[PDB]
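Undergrad: Can you keep this structure in mind? I'll have questions shortly.
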Amino acid sequence: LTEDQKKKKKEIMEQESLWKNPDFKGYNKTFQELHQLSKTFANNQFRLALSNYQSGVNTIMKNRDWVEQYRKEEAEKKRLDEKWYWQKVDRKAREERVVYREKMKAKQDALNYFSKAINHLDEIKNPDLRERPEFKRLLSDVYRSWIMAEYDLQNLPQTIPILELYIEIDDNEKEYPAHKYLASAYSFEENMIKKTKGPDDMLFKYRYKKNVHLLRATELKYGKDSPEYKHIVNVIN
Amino acid sequence: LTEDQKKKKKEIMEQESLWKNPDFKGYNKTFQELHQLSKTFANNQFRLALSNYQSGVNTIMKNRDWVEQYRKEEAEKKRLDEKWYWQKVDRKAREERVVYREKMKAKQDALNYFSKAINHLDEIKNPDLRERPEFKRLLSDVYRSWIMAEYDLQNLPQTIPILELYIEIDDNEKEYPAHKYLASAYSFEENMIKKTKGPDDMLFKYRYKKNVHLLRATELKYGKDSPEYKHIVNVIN
Amino acid sequence: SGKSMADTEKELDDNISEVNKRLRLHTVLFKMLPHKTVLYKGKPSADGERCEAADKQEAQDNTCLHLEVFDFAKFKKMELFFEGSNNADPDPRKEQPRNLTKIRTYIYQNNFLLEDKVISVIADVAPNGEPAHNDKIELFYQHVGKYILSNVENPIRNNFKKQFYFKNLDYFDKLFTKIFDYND
């Protein structure tokens with residue numbers, strides 16, 4: 001591979017890791033770095049924004065532990081009134097509904113914390129402070145976790161304004177997952193217009209934006225004038 | 001076992017006896033020892049405080065005698081209108097509510113006397129006298145009977161301020177039953193918040209205090225870093 | 001009287017000793033969280049009273065544990081400074097205790113008052129020595145001036161260990177154990 005192809009391969013893997021579903025090793029790495037950045041930044045509103053962001057991610061981590069424990073406790077129950085196939089499926093559907101409703105509440109609490117993290121960053125008014133790598137790192141982490149929290153629950157239309165705000169920050173526009181999620185969420189919205197028989201202007205708006213971010217994600221991962229880039233361009237043209 | 005574990009086993013049994021539901025042998029033993037405090041103390045307000053406490057305990061003891069007699073008199077009635085299952089349960093429901101409501105009246109009369117015992121101890125103003133083992137043991141016995149009178153009728157929230165005042169006195173904090181009752185009463189309050197859909201701050205306050213006294217009761221009876229402690233350590237996390 | 005005061009101080013000296021003997025065990029965390037708790041691995045640094053987090057948290061040469069406690073803001077901090085290097089073996093289930101050279105704690109929130117002043121910083125420079133090590137405990141007082149616990153009148157000295165220091169030693173031994181058990 002060339003120096004650009006090797007660099008690109010390395011970067012796509014780092015970006016896929018960046019958007020990895022949360023776990024304990026990523027949590028530890030993320031917050032230890034954010035606290036070191038907070039000490040460098042020495043800004044009380046950034047400190048508060050981080051305290052809230054961490055509380056939001058903690059809500060998510062608490063839920064992941066709850067879901068495993070809940071499913072475990074249910075698995076260990078004896079079901080005496082489960083003689084029929086429809087009884088087994090019904091009980092399964094009831095389990096999934098309880099899990100989804102609890103995940104929905106955890107998402108709502110996590111987004112209230114993320115909203116507070118943003119409201120504190122909003123209080124940093126000095127343009128020299130809003131341009132801080134520390135400011136941009138935290139703001140990117142808040143939006144990324146916010147996008148993922150909604151994405152997991154299939155709340156794709158809600159991810160669009162946050163993905164858009166995300167890609168405007170510190171070259172995030174060059175991230176392949178960011179364009180993949182935008183393209184998928186736009187695709188969902190296009191399908192909503194087709195299913196609900198909505199207006200043509202919105203059909204084409206959503207289709208257009210899907211194709212822009214589909215092609216851009218392709219360009220970023222495979223490169224300009226790659227068999228894959230040429231293919232997507234030829235489908236669009 | 002170690003010399004401390006053997007000592008501990010002895011002490012836990014003595015503490016369980018200390019919190020034993022009242023009976024006639026315990027009554028006699030108690031008023032032997034509470035009078036022993038009157039002997040050294042030679043204080044008219046302490047004497048009055050004990051006279052009122054003893055009247056309160058007598059209310060409790062007379063009630064226990066009433067409950068046996070009432071249940072006896074009911075059992076000895078010929079129940080010719082009792083040919084239905086519901087009619088047998090009906091007459092049972094008559095018994096239980098009359099007995100419980102009579103115990104509720106005895107509780108108030110006992111607590112009016114205990115309140116008077118405390119009001120007389122409040123009149124001992126000299127700090128050299130308030131720090132006397134005579135003052136503290138009587139105050140402990142008044143609170144213990146007060147806690148038990150409420151506990152028996154399921155008035156668990158009411159037991160908290162009295163248990164808390166109790167454990168502050170002369171190493172009462174090292175009593176396993178005191179922490180067991182605190183943990184149980186806090187558990188009740190946690191469950192009340194969960195059932196009535198009350199505020200989260202109170203949910204966590206009550207849960208926290210339950211776990212503190214759960215852990216301390218465990219530590220006191222089994223020893224720190226015992227298989228039994230280590231278990232509670234991981235659950236509280 | 002002074003007899004009860006003497007016995008109370010002795011019980012408190014032993015209480016801080018037994019927990020310091022447990023705190024010296026948290027070496028098991030160098031080769032290795034409960035809610036709102038953040039652990040850093042590092043080395044004694046600067047003037048020897050503070051712990052500097054490692055770039056490499058898992059590094060085998062870390063000789064200090066830095067633990068931050070949050071609640072609803074930072075409420076508490078502890079720095080455990082250990083004497084001696086870690087065992088070469090990478091498995092924490094095999095690691096042994098190291099006597100503490102120092103324990104440094106900070107209280108930021110839920111501050112206790114000793115004779116109406118806050119001791120925000122406590123610096124223990126002989127945690128695994130004779131339980132009676134009040135002359136080795138520096139107290140930083142806010143109304144932060146340096147006082148030595150052994151020069152505190154006594155109740156006062158007793159209230160310091162009963163209300164501030166033992167409880168913090170126990171809280172942190174509790175948290176370090178919580179982290180260990182989760183990852184062990």
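Numbering starts fresh at 1 for the residues of each chain in the structure tokens, the chains themselves are lettered A, B, ... in the order given, and ligands are numbered from 1 as they appear.
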Name the residues in contact with stretch 118-132 of chain B at a cut-off of 7 Å, using only C-alpha atoms, excluding same-chain residues fewer than 5 positions from it; report them as an MDAnalysis selection string.

TA: chainID B and resid 45:46 48:49

Undergrad: Dump as a ChimeraX atom specification the residues of chain B that approach chain C to within 8 Å, counting only C-alpha atoms.

TA: /B:233-234,237

Undergrad: Please list as a ChimeraX atom specification every residue within 9 Å of residue A:236, counting only C-alpha atoms and excluding residues in the same chain fewer than 4 positions away.

TA: /A:211,215,231-232

Undergrad: Find, counting only C-alpha atoms, the residue in A:225, A:2, A:9, A:62 that gets nearest to chain B.

TA: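 So, comparing all the options, the nearest one is A:62.
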
Undergrad: Could you list, as a list in words, every residue within 9 Å of stretch 100-116 of chain A, counting only C-alpha atoms and ignoring same-chain residues fewer than 4 positions away?

TA: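 The residues that qualify are residues 48, 49, 52, 53, 54, 55, 56, 57, 58, 59, 60, 62, 63, 64, 67, 95, 96, 120, 121, 142, 143, 145, 146, 149, 150 and 153 of chain A.
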
Undergrad: For N, CA and C atoms, I'd like the residues from the last selection saved as a PDB file, in the first residue's frame.

TA:
```pdb
ATOM      1  N   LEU A  48     -17.751  21.498  34.845  1.00  0.00           N
ATOM      2  CA  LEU A  48     -19.175  21.158  35.042  1.00  0.00           C
ATOM      3  C   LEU A  48     -19.760  20.420  33.861  1.00  0.00           C
ATOM      4  N   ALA A  49     -19.385  20.832  32.654  1.00  0.00           N
ATOM      5  CA  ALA A  49     -19.871  20.165  31.450  1.00  0.00           C
ATOM      6  C   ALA A  49     -19.401  18.692  31.471  1.00  0.00           C
ATOM      7  N   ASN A  52     -21.277  16.525  34.058  1.00  0.00           N
ATOM      8  CA  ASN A  52     -22.593  16.105  33.534  1.00  0.00           C
ATOM      9  C   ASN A  52     -22.475  15.062  32.440  1.00  0.00           C
ATOM     10  N   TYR A  53     -21.522  15.260  31.507  1.00  0.00           N
ATOM     11  CA  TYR A  53     -21.310  14.267  30.440  1.00  0.00           C
ATOM     12  C   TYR A  53     -21.015  12.902  31.077  1.00  0.00           C
ATOM     13  N   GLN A  54     -20.064  12.863  32.027  1.00  0.00           N
ATOM     14  CA  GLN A  54     -19.709  11.610  32.698  1.00  0.00           C
ATOM     15  C   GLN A  54     -20.917  10.965  33.392  1.00  0.00           C
ATOM     16  N   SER A  55     -21.778  11.784  34.040  1.00  0.00           N
ATOM     17  CA  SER A  55     -23.033  11.303  34.660  1.00  0.00           C
ATOM     18  C   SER A  55     -23.958  10.661  33.604  1.00  0.00           C
ATOM     19  N   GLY A  56     -24.064  11.289  32.418  1.00  0.00           N
ATOM     20  CA  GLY A  56     -24.836  10.737  31.302  1.00  0.00           C
ATOM     21  C   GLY A  56     -24.295   9.399  30.831  1.00  0.00           C
ATOM     22  N   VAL A  57     -22.969   9.309  30.630  1.00  0.00           N
ATOM     23  CA  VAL A  57     -22.355   8.037  30.183  1.00  0.00           C
ATOM     24  C   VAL A  57     -22.536   6.974  31.293  1.00  0.00           C
ATOM     25  N   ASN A  58     -22.370   7.382  32.557  1.00  0.00           N
ATOM     26  CA  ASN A  58     -22.617   6.500  33.706  1.00  0.00           C
ATOM     27  C   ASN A  58     -24.028   5.935  33.650  1.00  0.00           C
ATOM     28  N   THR A  59     -25.051   6.771  33.310  1.00  0.00           N
ATOM     29  CA  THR A  59     -26.445   6.292  33.178  1.00  0.00           C
ATOM     30  C   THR A  59     -26.508   5.162  32.162  1.00  0.00           C
ATOM     31  N   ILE A  60     -25.838   5.347  31.025  1.00  0.00           N
ATOM     32  CA  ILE A  60     -25.782   4.333  29.962  1.00  0.00           C
ATOM     33  C   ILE A  60     -25.126   3.043  30.457  1.00  0.00           C
ATOM     34  N   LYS A  62     -24.765   2.042  33.615  1.00  0.00           N
ATOM     35  CA  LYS A  62     -25.638   1.457  34.635  1.00  0.00           C
ATOM     36  C   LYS A  62     -26.740   0.596  33.971  1.00  0.00           C
ATOM     37  N   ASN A  63     -27.351   1.113  32.907  1.00  0.00           N
ATOM     38  CA  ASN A  63     -28.379   0.388  32.157  1.00  0.00           C
ATOM     39  C   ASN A  63     -27.826  -0.922  31.564  1.00  0.00           C
ATOM     40  N   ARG A  64     -26.643  -0.882  30.912  1.00  0.00           N
ATOM     41  CA  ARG A  64     -26.054  -2.080  30.290  1.00  0.00           C
ATOM     42  C   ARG A  64     -25.950  -3.187  31.382  1.00  0.00           C
ATOM     43  N   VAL A  67     -29.589  -4.536  32.233  1.00  0.00           N
ATOM     44  CA  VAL A  67     -30.159  -5.373  31.166  1.00  0.00           C
ATOM     45  C   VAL A  67     -29.651  -6.818  31.289  1.00  0.00           C
ATOM     46  N   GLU A  95     -40.933  -9.554  28.097  1.00  0.00           N
ATOM     47  CA  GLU A  95     -39.541  -9.297  28.539  1.00  0.00           C
ATOM     48  C   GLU A  95     -38.900  -8.197  27.726  1.00  0.00           C
ATOM     49  N   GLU A  96     -38.981  -8.299  26.394  1.00  0.00           N
ATOM     50  CA  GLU A  96     -38.356  -7.316  25.516  1.00  0.00           C
ATOM     51  C   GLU A  96     -38.960  -5.914  25.735  1.00  0.00           C
ATOM     52  N   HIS A 120     -23.685  23.967  29.842  1.00  0.00           N
ATOM     53  CA  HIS A 120     -22.483  24.497  30.510  1.00  0.00           C
ATOM     54  C   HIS A 120     -21.416  24.944  29.494  1.00  0.00           C
ATOM     55  N   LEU A 121     -21.207  24.160  28.415  1.00  0.00           N
ATOM     56  CA  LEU A 121     -20.282  24.566  27.326  1.00  0.00           C
ATOM     57  C   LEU A 121     -20.790  25.833  26.664  1.00  0.00           C
ATOM     58  N   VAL A 142     -19.690  14.436  23.742  1.00  0.00           N
ATOM     59  CA  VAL A 142     -21.098  14.571  24.155  1.00  0.00           C
ATOM     60  C   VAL A 142     -22.026  14.247  22.982  1.00  0.00           C
ATOM     61  N   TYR A 143     -21.788  14.877  21.810  1.00  0.00           N
ATOM     62  CA  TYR A 143     -22.637  14.615  20.643  1.00  0.00           C
ATOM     63  C   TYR A 143     -22.532  13.165  20.198  1.00  0.00           C
ATOM     64  N   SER A 145     -21.913  10.376  21.997  1.00  0.00           N
ATOM     65  CA  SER A 145     -22.653   9.510  22.918  1.00  0.00           C
ATOM     66  C   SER A 145     -24.159   9.734  22.751  1.00  0.00           C
ATOM     67  N   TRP A 146     -24.579  10.992  22.574  1.00  0.00           N
ATOM     68  CA  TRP A 146     -25.972  11.401  22.336  1.00  0.00           C
ATOM     69  C   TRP A 146     -26.508  10.686  21.053  1.00  0.00           C
ATOM     70  N   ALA A 149     -26.806   6.909  21.740  1.00  0.00           N
ATOM     71  CA  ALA A 149     -27.906   6.594  22.670  1.00  0.00           C
ATOM     72  C   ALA A 149     -29.243   6.515  21.913  1.00  0.00           C
ATOM     73  N   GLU A 150     -29.466   7.441  20.981  1.00  0.00           N
ATOM     74  CA  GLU A 150     -30.675   7.491  20.158  1.00  0.00           C
ATOM     75  C   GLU A 150     -30.623   6.422  19.094  1.00  0.00           C
ATOM     76  N   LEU A 153     -31.770   2.850  20.048  1.00  0.00           N
ATOM     77  CA  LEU A 153     -33.207   2.694  20.226  1.00  0.00           C
ATOM     78  C   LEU A 153     -34.011   2.953  18.938  1.00  0.00           C
TER      79      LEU A 153
END
```

Undergrad: Residues at most 12 Å from residue B:223, counting only C-alpha atoms, excluding those fewer than 6 positions away in the same chain, as a list in words?

TA: residues 1, 2, 4, 5, 6, 7, 8, 9, 12, 174, 176, 215, 216, 217, 229, 230 and 232 of chain B

Undergrad: Using N, CA and C atoms, can you write the selected residues to a file as a PDB file, in the first residue's frame?

TA:
```
ATOM      1  N   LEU B   1     -12.134 -20.886  66.888  1.00  0.00           N
ATOM      2  CA  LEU B   1     -12.303 -19.450  66.656  1.00  0.00           C
ATOM      3  C   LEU B   1     -11.223 -18.620  67.367  1.00  0.00           C
ATOM      4  N   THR B   2     -11.089 -17.329  66.993  1.00  0.00           N
ATOM      5  CA  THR B   2     -10.245 -16.366  67.712  1.00  0.00           C
ATOM      6  C   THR B   2     -10.905 -15.992  69.052  1.00  0.00           C
ATOM      7  N   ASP B   4     -11.590 -12.972  70.100  1.00  0.00           N
ATOM      8  CA  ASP B   4     -12.565 -11.931  69.764  1.00  0.00           C
ATOM      9  C   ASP B   4     -13.866 -12.503  69.180  1.00  0.00           C
ATOM     10  N   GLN B   5     -13.774 -13.543  68.305  1.00  0.00           N
ATOM     11  CA  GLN B   5     -14.935 -14.234  67.721  1.00  0.00           C
ATOM     12  C   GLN B   5     -15.757 -14.969  68.775  1.00  0.00           C
ATOM     13  N   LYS B   6     -15.082 -15.608  69.753  1.00  0.00           N
ATOM     14  CA  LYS B   6     -15.730 -16.305  70.866  1.00  0.00           C
ATOM     15  C   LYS B   6     -16.463 -15.273  71.729  1.00  0.00           C
ATOM     16  N   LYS B   7     -15.777 -14.156  72.059  1.00  0.00           N
ATOM     17  CA  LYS B   7     -16.328 -13.024  72.798  1.00  0.00           C
ATOM     18  C   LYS B   7     -17.521 -12.459  72.029  1.00  0.00           C
ATOM     19  N   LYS B   8     -17.359 -12.258  70.705  1.00  0.00           N
ATOM     20  CA  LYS B   8     -18.401 -11.718  69.838  1.00  0.00           C
ATOM     21  C   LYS B   8     -19.654 -12.585  69.859  1.00  0.00           C
ATOM     22  N   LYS B   9     -19.511 -13.926  69.678  1.00  0.00           N
ATOM     23  CA  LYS B   9     -20.623 -14.877  69.749  1.00  0.00           C
ATOM     24  C   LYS B   9     -21.429 -14.693  71.035  1.00  0.00           C
ATOM     25  N   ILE B  12     -23.274 -11.215  70.908  1.00  0.00           N
ATOM     26  CA  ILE B  12     -24.422 -11.136  69.981  1.00  0.00           C
ATOM     27  C   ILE B  12     -25.645 -11.790  70.639  1.00  0.00           C
ATOM     28  N   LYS B 174     -22.661  -0.340  68.667  1.00  0.00           N
ATOM     29  CA  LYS B 174     -22.008  -1.646  68.434  1.00  0.00           C
ATOM     30  C   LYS B 174     -22.982  -2.840  68.595  1.00  0.00           C
ATOM     31  N   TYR B 176     -25.760  -5.251  67.220  1.00  0.00           N
ATOM     32  CA  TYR B 176     -26.258  -5.845  65.982  1.00  0.00           C
ATOM     33  C   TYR B 176     -27.806  -5.629  65.810  1.00  0.00           C
ATOM     34  N   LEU B 215     -24.518  -3.317  56.236  1.00  0.00           N
ATOM     35  CA  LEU B 215     -23.078  -3.579  56.274  1.00  0.00           C
ATOM     36  C   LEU B 215     -22.539  -3.598  57.717  1.00  0.00           C
ATOM     37  N   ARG B 216     -22.923  -2.615  58.532  1.00  0.00           N
ATOM     38  CA  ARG B 216     -22.486  -2.496  59.916  1.00  0.00           C
ATOM     39  C   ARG B 216     -23.015  -3.647  60.783  1.00  0.00           C
ATOM     40  N   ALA B 217     -24.305  -4.025  60.629  1.00  0.00           N
ATOM     41  CA  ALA B 217     -24.869  -5.176  61.337  1.00  0.00           C
ATOM     42  C   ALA B 217     -24.076  -6.438  60.997  1.00  0.00           C
ATOM     43  N   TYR B 229     -19.347 -10.750  55.440  1.00  0.00           N
ATOM     44  CA  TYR B 229     -19.034  -9.348  55.132  1.00  0.00           C
ATOM     45  C   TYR B 229     -18.741  -9.173  53.634  1.00  0.00           C
ATOM     46  N   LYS B 230     -17.773  -9.960  53.099  1.00  0.00           N
ATOM     47  CA  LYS B 230     -17.257  -9.846  51.726  1.00  0.00           C
ATOM     48  C   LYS B 230     -18.415  -9.893  50.725  1.00  0.00           C
ATOM     49  N   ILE B 232     -21.681  -8.942  51.391  1.00  0.00           N
ATOM     50  CA  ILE B 232     -22.375  -7.645  51.494  1.00  0.00           C
ATOM     51  C   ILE B 232     -21.587  -6.544  50.752  1.00  0.00           C
TER      52      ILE B 232
END
```

Undergrad: Please return as a PyMOL selection string: the residues of stretch 50-234 of chain B that backbone DSSP assigns to helix (DSSP H, G or I).

TA: chain B and resi 50-75+85-122+127-130+133-152+157-167+172-174+176-196+200-222+227-234

Undergrad: Using atom CA of residue C:30 and atom CA of residue C:78 as the two end points, give the distance in Å to one decimal.

TA: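 Separation of atom CA of residue C:30 and atom CA of residue C:78: 15.5 Å.
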
Undergrad: Which is closer to residue C:15 than all the others in C:32, C:169, C:103, C:114, using only C-alpha atoms?

TA: C:169

Undergrad: Within 8 Å of stretch 139-151 of chain C, counting only C-alpha atoms, which residues show up once you throw out same-chain ones fewer than 6 positions away? Write them as a ChimeraX atom specification, please.

TA: /C:117-123,133,157

Undergrad: Which residues are close to residue C:81, i.e. within 6 Å by only C-alpha atoms, leaving aside same-chain residues fewer than 5 positions away? Reply as a list in words.

TA: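 Using only C-alpha atoms, the neighbours found are residues 64, 100, 101 and 102 of chain C.
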
Undergrad: For the residues in the current selection, export N, CA, C and O atoms as a tab-separated table (two decimals), in the first residue's frame.

TA:
```
chain	number	residue	atom	x	y	z
C	64	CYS	N	1.77	4.53	43.25
C	64	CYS	CA	0.71	5.30	43.88
C	64	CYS	C	-0.68	5.11	43.28
C	64	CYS	O	-0.88	5.02	42.07
C	100	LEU	N	2.51	1.39	53.27
C	100	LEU	CA	2.32	2.71	52.77
C	100	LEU	C	3.37	3.62	53.34
C	100	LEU	O	3.75	3.51	54.51
C	101	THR	N	3.86	4.50	52.49
C	101	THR	CA	4.84	5.47	52.92
C	101	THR	C	4.05	6.67	53.40
C	101	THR	O	4.41	7.32	54.38
C	102	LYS	N	2.93	6.91	52.72
C	102	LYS	CA	2.07	8.03	53.03
C	102	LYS	C	0.63	7.79	52.60
C	102	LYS	O	0.37	7.04	51.65
```

Undergrad: Enumerate as a ChimeraX atom specification all residues of stretch 15-158 of chain C assigned to strand (DSSP E or B) by DSSP on the backbone, naming them with the chain letters and numbers the document uses.

TA: /C:37-45,50-53,64-70,74-82,100-107,113-114,117-124,137-142,145-148

Undergrad: Between atom CA of residue C:138 and atom CA of residue C:124, what is the spacing in Å?

TA: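 Rounded to one decimal, the two atoms are 6.5 Å apart.
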